[PDB]
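# any chance you could fold what I've pasted below:
(one chain, ligands or ions: 1)
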Amino acid sequence: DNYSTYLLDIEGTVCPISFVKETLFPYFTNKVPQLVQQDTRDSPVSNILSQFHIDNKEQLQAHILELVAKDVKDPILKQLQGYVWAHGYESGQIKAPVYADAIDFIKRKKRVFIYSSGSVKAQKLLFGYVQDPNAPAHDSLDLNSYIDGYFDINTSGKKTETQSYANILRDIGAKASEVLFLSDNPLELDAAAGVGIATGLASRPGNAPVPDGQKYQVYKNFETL
Ligand SMILES: [Mg+2]
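Numbering: from 1, shown residues only. Sure, structure below:
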């Protein structure tokens with residue numbers, strides 16, 4: 001095809017932007033009280049919880065819920081989230097709603113890398129438990145065997161800085177002209193375009209509107225790519 005490699009944003013690009021707020025955050029916040037109130041010092045979750053450095057369980061419970069409500073990027077929160085979400089996914093309580101055409105795209109393209117604000121471990125977990133478009137309530141699908149790599153803010157830098165894309169090109173080992181980057185955020189695409197990577201503006205139901213006067217090619221789905 002036109003490109004050797006594809007770089008994909010997650011939220012608003014391959015997954016509905018509604019997933020994190022309608023499903024992941026509420027799932028996690030509903031589980032918090034039980035895990036905090038049950039206090040066995042020797043647990044794998046107990047080691048995570050101790051890294052908040054708050055001994056009072058009422059204060060700890062309130063603090064965790066505050067961090068979620070204020071969208072605070074605390075790595076101890078992300079680990080706690082990872083632990084709760086892993087069990088949610090493994091138990092079948094949650095499934096990642098990847099668009100049917102994004103599933104097909106990932107399965108057919110030869111070189112596919114993910115770049116997201118979520119950590120690499122969280123991305124791998126999301127792509128391991130994908131909702132089956134043919135039967136949402138049946139078993140989830142594993143797309144990890146179709147993904148060649150994952151990038152996050154820690155591995156590569158901020159999504160709006162050109163340098164971050166230079167870091168990804170180094171790790172991908174591809175000429176910038178051979179890479180297409182798909183994202184719903186124009187500021188990400190602008191950063192990518194600074195190092196010569198081709199760009200495409202993903203448009204999905206629930207995303208912020210696309211202004212009439214805008215420079216990027218718009219993709220409503222990935223069937224034509
Ligand atoms: Mg996005």
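# for the helix or strand containing residue 26, give me every contacting residue.
Assigned by DSSP states H and E, residue 26 belongs to helix 25-37. Outside of helix 25-37, the residues within contact range by C-beta atoms under 8 Å, 6 or more residues apart in numbering are 45, 49, 57, 60-61, 64-65, 68, 80-81, 84-85, 88, 93-94. (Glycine included, C-beta is placed from N, CA and C.)
# again, 6 Å this time
45, 57, 60, 61, 64, 68, 81, 84, 88, 94 (C-beta atoms under 6 Å, 6 or more residues apart in numbering).
# so what secondary structure elements neighbour the following helix or strand past that helix?
Reading on from helix 25-37 to the C-terminus, the next helix or strand found by DSSP H and E is helix 44-50. Contacts defined by 3 or more C-beta pairs under 6 Å, 6 or more residues apart in numbering; DSSP states H and E place helix 44-50 against helix 75-90.
# phi and psi next, for the residue of the chain positioned farthest from its centre.
Outermost residue of the chain with respect to the C-alpha centroid, by C-alpha atoms, centre = their mean, is residue 56; its distance is 32.3 Å. Dihedral angles phi and psi of residue 56 (degrees, to the nearest 10) take the values phi -70, psi 120.
# dump stretch 94-109 to PDB, keeping only the CA atoms.
The C-alpha trace of stretch 94-109 is given here as PDB (Å, rounded to 0.1, in the frame of the first residue of the first chain):
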ATOM      1  CA  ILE A  94     -15.100  -4.800  30.700                       C
ATOM      2  CA  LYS A  95     -14.200  -5.000  27.000                       C
ATOM      3  CA  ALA A  96     -12.500  -2.300  24.900                       C
ATOM      4  CA  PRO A  97     -15.000  -1.100  22.100                       C
ATOM      5  CA  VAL A  98     -12.600  -0.900  19.100                       C
ATOM      6  CA  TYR A  99     -14.300   0.200  15.900                       C
ATOM      7  CA  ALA A 100     -14.900  -2.800  13.600                       C
ATOM      8  CA  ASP A 101     -13.000  -1.100  10.700                       C
ATOM      9  CA  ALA A 102     -10.000  -0.300  13.100                       C
ATOM     10  CA  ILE A 103      -9.900  -4.000  14.000                       C
ATOM     11  CA  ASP A 104      -9.800  -5.000  10.300                       C
ATOM     12  CA  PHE A 105      -7.100  -2.300   9.600                       C
ATOM     13  CA  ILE A 106      -4.900  -3.500  12.400                       C
ATOM     14  CA  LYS A 107      -5.300  -7.200  11.300                       C
ATOM     15  CA  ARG A 108      -4.400  -6.400   7.600                       C
ATOM     16  CA  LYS A 109      -1.600  -3.800   7.700                       C
END
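# what are the buried residues along that stretch?
94, 95, 96, 97, 98, 99, 101, 102, 103, 105, 106, 109 (16 or more other C-beta atoms under 10 Å).
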